[PDB]
Ligand SMILES: CC(C)(C)OC(=O)N[C@H](C(=O)NO)c1ccc(-c2cccc(/C(N)=N/O)c2)cc1
Ligand SMILES: [Zn+2]
């Protein structure tokens, strides 16, 4: 297993100036002819000419139109094509080859493959080598001339990068299309699409140069009615980059294409963005509410790549976070601006502190710029993406909006058209930092540690207030636990957005302030503070850290009710919950360990419950925010704070706490559920696909959250509501009716009803599968078997497989069954999947990421299944490398 180190980057000894492709698609095979106009670089030392090439069937390879002979002129081991230096020209030459590939049987969805009746490519990161020979790395920039030929009635629409410069008929019912793309690009941005595609279209006129841009969104004919929202999102995306960053699109046309089989959400191929259907297609009748935020995010994300990734590209894959962290950040700014709801920011903090914090304390922990990799197909992590985005966001927090826009523009203008590294971005940010602090001595050298240091920092606080002096002090400390990446952790540049709240009237006591913590510890002093304040710390979650506020629950309740920052309120509620959870947890744990016949539990803080009621009953309070405060922290967030977690005890803890709050607030819950119905389920714009109300969807979220709480509590005659709910036109509602009916005998009745509603829409059925998978059923294992036999079968669609199993793995009490049958089940699915799609197989490994955090019994159970998987003879390099690192081998 070859290990690539970041320190070992060297430019190639070769140059590829021009690529000329002929891709001829037939039913049983695809013939790929390629001419590479190449040259010798200044770093050449007379080495062999080595091309990447995986799974290629060689018909003929040549140098300068002279046929090459296999044996003494070249060798091919199905991974590398080696041409011995003796036969490699000393100056400009042409390499050519013809290979046969097989998209119809390519189930790994990398390279060229067939998704239902659409031929589609996916080349990032190392997929182009599966199509033809190439030096498959992002710093090999080349021009592209691409011709695609196929059967006309099966594949009337042909697409590739650049301008379509020719269309022509071919004897035998075939046709061809030529695409020339003069600007240089890395090969991972190459794309080709063929199929019977239908489209929606629009023309966008850019803000400053008034350039006309054609916008096309494609899908199969059956789902062409689900394309409208996507087109709107694209328009919104183009406008935002124009308005915020002053950046326009530079090409004449942009195509968006949905396919049913895709490993991730989407891909940013130049002028030809390719989407997982679930991240591009939606209609109000056939999609749940989450689809609309999802499409906005993903469409936006791939668009923003056009600058941060496509025009300014990567030198090497170790710089991945430079285009991904930055593009996610750009997407967050976009989505927060589009939704105008505080839950947008809250949701991505919620995801970070759950999933990413878990990864960062796991054996898989890595910095956002790793020092090494084996399998590139394991490189695209929540750390690189989501922690990366938070690191990119901190630049904005530190600099402020004005100087950030300055710094960002410096980055774009200086690096446009060439490759870049993380240092290039920090440099640009540093220039703005100098201008902001008004001295060229200031620097951001320490900030670079955010790129190299792994692990989540802990930030803790202590306070002093001198009433006579009117002087307030915040003593801050930071620490990162040592791991396998750094034995010794260094202090980071941590920006702490703070406010001081007067507890007597809830007013701000100081102006907007961002504390710059650059040492292991510091003391921040504030003068003329009239009264002892309650500190509002890390507003907007200004740094990706563990926040230890050391506040009393009384202080937290006061912030929850009266603070101005949405995150700090949400975090205060979170912190109150966590304290309660930890307390009830080893009360239950002690009772179990000591086998007590009787024991006591500490009740939920009564004033806390009162504060929740206060906020819920406030008509001006945000519905989305409301849904968060009545929900306990994610299981994967809680696990970060408990050693040897007994999942049964945690389940009992959550049950007690939910019941405690329910016993006091169920009447309030029911009252709100009924009073919210009118506005939440308003059908006024149900048939307007371009009208999306994120506030209204948040109202539905609240109703479905409340209904779930009421159903679990067996609230009087709540089954009546559930039945009525199932008749709602909104899928979010009638799918909710299915899941909440799990606590009643009408479950399988709604099972059949909702299935009949879902079965004729590919994406809707997958949402139905998710709903069933996450149903709180005691017979969930029997139900899964039913899904496998009657619906899933031997589908290789990643959307189907993920829908059936992933939500189930979040069933705390059932997936972590002490028999280990849950671990056994998913491991079977992983091994089965690994035989045709190694990438999705590692995705299915996610439940195991916390294995060393559980109780000793469940640790062993999980470790056994992982070792069983590791011992599969046909295990992929992909899965093997992942499980080896996860199990510390
Ligand atoms: C949700 C979000 C937009 C953040 O991520 C994606 O939907 N896709 C990411 C991305 O950065 N898009 O711009 C993504 C992640 C991994 C990959 C990827 C990496 C390595 C291999 C493959 C591949 N060949 N899949 O079949 C795919 C492609 C896109
Ligand atoms: Zn991306």
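To match Swiss-Prot, the residue numbers of chain A are left as they are there, and the shown ones run 196-1084.
A Cβ is built for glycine as well, from the same backbone N, Cα and C atoms used for every other residue.
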Q | Record-annotated peptide site (Swiss-Prot): member among 299, 319, 618, 625 besides 460, 461, 463 | A | 319
Q. Which of the three DSSP states, helix, strand or coil, fits residue 500 (Zn(2+) binding site)?
A. coil
Q. How many whole Å apart are the CA atoms of residue 580 (site 'Transition state stabilizer') and residue 496 (Zn(2+) binding site)?
A. 12
Q. What other residues of this chain sit with their CB within 8 A of the center of the CB atoms of 496, 500, 519, the recorded Zn(2+) site?
A. 463, 497, 499, 503, 504, 518, 521, 522, 523, 525, 526
Q.
Within 10 Å of its Cβ, which one of these recorded positions (461, 497) has the largest number of other Cβ atoms?
A. 497
Q: Go through the recorded positions 497, 500, 519 and tell me which ones have a CA within 10 A of the CA of residue 463 (peptide binding site).
A: 497, 500
Q: Give me the Cα-Cα distance between residue 460 (peptide binding site) and residue 497 (active site, proton acceptor), rounded to a whole Å.
A: 10
Q.
Distance check, please: Cα of residue 319 (peptide binding site) against Cα of residue 459 (site 'Important for substrate specificity'), rounded to an integer number of angstrom.
A. 11
Q) Taking only the binding-site residues 460, 461, 519, which have a CB closer than 6 angstroms to any atom that belongs to ligand 2? A) 519
